[PDB]
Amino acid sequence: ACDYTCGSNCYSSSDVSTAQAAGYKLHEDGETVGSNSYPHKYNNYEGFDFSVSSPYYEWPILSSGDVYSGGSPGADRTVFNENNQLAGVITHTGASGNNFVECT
């Protein structure tokens, strides 16, 4: 079973932890990758009731299992905060336009 299901993509807790660790290290070093400059601030326009505190940052999580290093980011994202606490896993899949919905 999937710990997180983003549309058709299946992720385990270990998948999220690996992705999060990569994104947080780049955040701490002040570096970015990709055309959309990940990781970057996640403003939470959606108004998700996250249990951890702001500020939030989004970083792509890939269905291939590899860590994001540039190129197409896909539709899925891991959202973490300044303390490297996981806020949630979201996706553009099943959401209109550039909006997000939570992965179940």
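Residue numbers run from 1 along the displayed sequence.
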| item | value |
| --- | --- |
| Of 47-55 and 68-76, the one with larger mean CA B-factor | 47-55 |
| Given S14, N84, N9, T91, the residue at which the Cα B factor reaches its maximum | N84 |
| Cα B factor band for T18 (lowest, middle or highest third within the chain) | middle |
| Third of the chain's Cα B-factor distribution that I61 belongs to, per the entry | lowest |
